[PDB]
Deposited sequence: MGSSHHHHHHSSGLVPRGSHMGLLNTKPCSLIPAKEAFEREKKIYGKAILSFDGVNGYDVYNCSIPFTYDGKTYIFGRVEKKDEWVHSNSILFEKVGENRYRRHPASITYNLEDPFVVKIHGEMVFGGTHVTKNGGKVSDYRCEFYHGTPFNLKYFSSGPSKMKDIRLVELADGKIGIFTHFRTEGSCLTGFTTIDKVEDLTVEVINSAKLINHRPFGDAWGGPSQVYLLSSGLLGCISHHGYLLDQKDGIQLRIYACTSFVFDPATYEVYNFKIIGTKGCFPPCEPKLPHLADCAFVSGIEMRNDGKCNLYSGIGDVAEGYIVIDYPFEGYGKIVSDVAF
C-alpha cells in the first residue's frame, strides 16, 4: 500500500487553507487553461504561461503567455509567440528566463515520443537551445547559491520512477548526456509515489525547496495526483520534510477533463505573500488553474531567495 496514502488522508483531514480561487483566462476562444508556470514579473507587469487545450481534445495543447489584467484575471498577450508545448515552466538563471515545456511527437495521430524543450532569453524574446532525452518529462532547473545550475531529472522509461540531480556551469551546457548521467537522489522519502518537482527554489540556507507533483494508485484503483514539497541538500543528495501541501479537493470545485482525473492536481509552484503565507498555484482536473493560501512549506529550512522578477 502506498506510503503517501496515510500522509494524504491525514492532510485531507487536518490542512490549514486560508483562501482559494480559480483563475480566469481571456483571449483563447474559451479553451481550457491549466498546468501553468508560476506567475512572474517583467517590465512592471505580471505574466503567466498557460497550457491551452480544448476541453474535448486530448494531446492538442499549446503554451501561451498571459498578462494579468485584473484580480485573478489573465489575457493572452498578443505580442508573444506561442510554443507547441504542454506543461510550461519558468525559472531565472544568471539574470535571464529559462522557459521549458513538453514537445509531443505523433505518428499518424498516436503519441510516439515526447521530450522537454528549453528556451532562454527575456520573456518576449525566448530562444530555443536544447531538448532533454526521449520520454523524460520532469526536468527542472535552479541557480544554486554558488552560481552553478542545478538540474532535477526523472528516470521513468524502464518501469521505475527515480529522481536524479546534476549541475552545469552555463545553461547552454544542458545536454542529453549531462541529464542521462545525473546521480540518483535519496528517493526513499517519496516511498512508491511517482512524480517530481514543478518549481525549485534556492533557500537562504543554500538548500533547495522543491514544489512537486506526486501520484499514486489507491485501492480496482484510484489515480491520486497531489501537490507535495520536499527540501533537497545538493551537498549530500539527501531529501527532507517530504509532505502533501494540497489536493484537488482544496481548490474550488471544477469538473475534471474525464472522471478518472477527479483527484488530479498538477502543481505550478508557490508565490510568497506579505503575510508570510504563500499562494500555491496548481493545474486542477486537467481543466483549470487555481491557487490555495497555505503556510510556507519550507519553514525551518530558510526563506526563498530565488526570484522570477525579470
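Counting from residue 1 of the deposited sequence, the stretches lacking C-alpha coordinates in this chain are 1-27, 247-250.
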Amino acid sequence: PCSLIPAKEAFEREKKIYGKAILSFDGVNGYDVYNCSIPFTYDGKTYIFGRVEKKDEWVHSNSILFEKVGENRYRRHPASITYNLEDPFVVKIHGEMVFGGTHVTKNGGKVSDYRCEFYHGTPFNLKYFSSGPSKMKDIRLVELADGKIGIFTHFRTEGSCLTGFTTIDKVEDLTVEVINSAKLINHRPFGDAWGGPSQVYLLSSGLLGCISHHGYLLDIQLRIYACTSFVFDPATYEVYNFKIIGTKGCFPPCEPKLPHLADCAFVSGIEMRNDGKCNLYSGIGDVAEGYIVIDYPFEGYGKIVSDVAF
From here on, numbers count along this sequence of modelled residues.
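Higher average CA B factor: 254-262, of the stretches 34-42 and 254-262.
Remark: stretch with higher mean C-alpha B factor among 105-113 and 235-243 is 235-243.
Of the candidates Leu218, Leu202, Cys210, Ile151, the PDB record gives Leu218 the highest C-alpha temperature factor. Of all the options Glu143, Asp169, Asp192, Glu86, the entry's greatest CA B-factor is assigned to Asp192. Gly147: CA B factor lies in the middle third for its chain, per the PDB record.
Among all modelled residues in this chain, the alpha-carbon of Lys277 has a temperature factor (C-alpha) in the highest third. For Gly290, the recorded CA B-factor ranks within the lowest third of the chain. Only modelled residues enter the ranking. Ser80 sits in the lowest third of its chain by CA B factor, as recorded in the PDB entry. Sort the modelled residues of the chain by CA B factor and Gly95 lands in the middle third.
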